[PDB]
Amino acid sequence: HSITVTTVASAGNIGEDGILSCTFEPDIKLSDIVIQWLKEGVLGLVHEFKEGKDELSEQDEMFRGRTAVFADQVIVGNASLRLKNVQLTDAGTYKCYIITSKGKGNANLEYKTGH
């Protein structure tokens, strides 16, 4: 917890695109930033962004083709995740995990889904 990472309440509707909100203590160079999103009990990653691009070789099957970050906003500390066509199976506890040149941090988020 050497850097600040914060989530805020995030909730979507089933069948519609959603957002999982995460912010962090912003770093100066994009190359120093790593974002990882995890979901409780899930073997693969939800999403990873490293060296200015997505790195999804270890992404869990439940999220293949369904996730994006805001690559233009990572430099200002915006680690929010876009989730395509939210499903009831997406509900649960997520973790936003951040590395910068100044250290690391993480915060959890409870994502809610409903009709």
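All residue numbers refer to positions in the sequence shown, first residue = 1.
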Got a sec? Mean C-alpha B-factor, which is higher, 52-60 or 31-39?
52-60
Taking only the Cα B-factors deposited for this chain, tell me whether residue 113 sits in the lowest, middle or highest third.
highest
Would you mind ranking residue 23 by its C-alpha B-factor against the rest of the chain and naming the third, lowest, middle or highest?
middle
Would you mind ranking residue 5 by its C-alpha B-factor against the rest of the chain and naming the third, lowest, middle or highest?
lowest
Would you mind ranking residue 103 by its C-alpha B-factor against the rest of the chain and naming the third, lowest, middle or highest?
highest
